[PDB]
């Protein structure tokens, strides 16, 4: 079934697609062929995996930006590039000195800035960065076995949506990142959370005077230290054992935290979690009362956090606060979009509200900044709803321009040793997505890293219809990292920069060529597909607007 290949030049019927005598470039090898009998004959480049990325040779620059063609690069900032090591251990955070599974390694906004020319060479149109908001300051026990201290190095444990986390940089650093990204054609997505707050941690309890301990008076100082967060497991204990100093029952102490009006939780005297998706608690993270219709005031512990930018606003609910707070980042910096976490676990009119206010914020920034706005496009919003597929679901009606597509990973794993197998999926996706966008990927921070087939991953991904998501280090086969007893941890390992210019430089160049080809033809991500019948191999035509491409794979070997 799967096509085999001579290893010798390759003859193609371009008779339907390209005029006669016209010049056709193979973007990969750069060879230009003139059509003779409705035919061209090209030898694919050695590093090509049998591909010919046939474009009209008149094309000479990247196509205007379209979300339906977008190449989104998703980075965990702390794990990417350390531009500033003076901010690596903010708020008393330490490294663990034992594998660093869950510590802040130090990646920050200035380093990510440094790396923008690299990213545009990779054909990246959108930069999805992990939430830069101020996280919980300390750590919880990591893995099922208390194997390591787990901090908020990934941005999902937000504590104050109005501040930057000091590990990330300051306001000047964010603005420099966003404006350098825009000057290079790269839009900025923030990763965003409204379902939950971060965990309670020893560092935060000590710093903002909330919660409660079993220890009293001098026992606190005798067992915990001057800095409670600095605790280490004793003999036979694990990193979960610090819980046994914390009294999670105590009403008075735990009411001085977020507040009964803000969250549901087993802790203290708070409304307890529910059993449906909206009101349940994931991984014992407290669920925010997004549906509450009653004015809540600030989180109670903000009384003790003098450096917050949050201000009480008459009649606002928790939802109102979150959507105002999120929107200010857009209004002040011109963020282009949000990727929304745990979207199944918050009611849909809350996301719609978030989208309403974020769009007004982006419009308002672009009007204030006509020199910095690349264009007039509205705010964009994508969402992680677990296991969503290629369907225009209810999410589309409530503010989501595109959902993350979980079904592509397995579809691409099937076609590792035969690009041709993607055809079915590629036909359906090209058809279906004439009416809506999705975001597809190979590697995820909460699934696995796609490392089969080496750099074949490139064409498995970048040829997808719809917007695609390069998980950072896909281009360089970034290894799965230390993980301990949390199976997902190794997916968040350091970018392998040494490999980028050494052992993996060929993989990166392969990715570069295929991704530039995509950036150069909106037909790839948005066109309709006709699959060709050829004498040797697999191939297809994509066509959208006035843009046609022909993509041919020779065969195995």
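Residue numbers count along the first chain shown, from 1.
- Higher mean CA temperature factor, per the PDB entry, when comparing 405-413 with 157-165: 405-413.
- Once the C-alpha B-factors are averaged per stretch, 34-42 and 516-524 rank with 34-42 first.
- Each of 82, 130, 279, 243 has a CA temperature factor in the record; the biggest one is found at 279.
- The entry lists C-alpha B-factors for 150, 432, 448, 339, and the highest of these is at 432.
- When the modelled residues of the chain are ordered by their C-alpha B factor, residue 488 lands in the lowest third.
- Split the chain's modelled residues into thirds by C-alpha temperature factor. Residue 398 is in the middle one.
- When the modelled residues of the chain are ordered by C-alpha B-factor, residue 49 sits in the highest third.
- Per the PDB record, residue ranking by Cα B-factor puts residue 58 in the highest third of the chain.
- Looking at the C-alpha B-factors along this chain, the one for residue 477 belongs to the middle third.
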